[PDB]
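Below, in structure tokens: the form deposited in one PDB entry, a single chain.
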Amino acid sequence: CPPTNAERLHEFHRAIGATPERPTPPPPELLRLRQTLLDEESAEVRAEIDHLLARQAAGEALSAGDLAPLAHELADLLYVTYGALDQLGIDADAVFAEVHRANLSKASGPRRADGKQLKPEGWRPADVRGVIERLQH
């Protein structure tokens, strides 16, 4: 069992001499900081997606290597998203596992015109409250 990306963030925060082991209500300034970071990386991802679409619209063919800047920015977005969960003292893997379980159960649902998977009749959402509760004991 190698380290997860969530565990990596925990390692990173310690390394920079900075997070709780259990779910911990944050100060307002912490929430505002995490929002700022999400917005910054999100904007950089958007810029790269826009640029790839623009090159395609121009009639250019994309190589695999052309995807590097987008992949970098998506990983940066992962980094700050995991970063937020870690600062809240929330095990991202525990939450993600439950979100995943409920996502799997969408398979019989219809699809949106753009390709988004939608929810079938009778679908039940992930119980993330339940995850937070057992993480805090």
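Residues that one form lacks are left out of the comparison. Throughout, rigid core stands for the largest set of C-alpha atoms superposing within 1.5 Å between the two forms. In this text, residue numbers run from 1 along the sequence as written.
The protein also exists as the form deposited in another entry; that form is not presented, and the subsequent description refers to it.
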Original post:
Upon rigid core superposition, which of the listed residues (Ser42, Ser108, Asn103, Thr36) is displaced by 2 angstroms or more at its Cα between this form and the one not shown?
Top reply: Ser108
Subject >> Residue shift check between this form and the one not shown, rigid core fit, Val128 Cα at least 2 Å >> reply: no
Original post:
So with the core overlaid, does the Cα of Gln117 end up 2 Å or more away between this form and the one not shown?
Top reply: yes
Original post:
Taking the rigid core as the frame, what runs of at least 3 residues have C-alpha moves of 2 Å or more between this form and the one not shown?
Top reply: 108-124
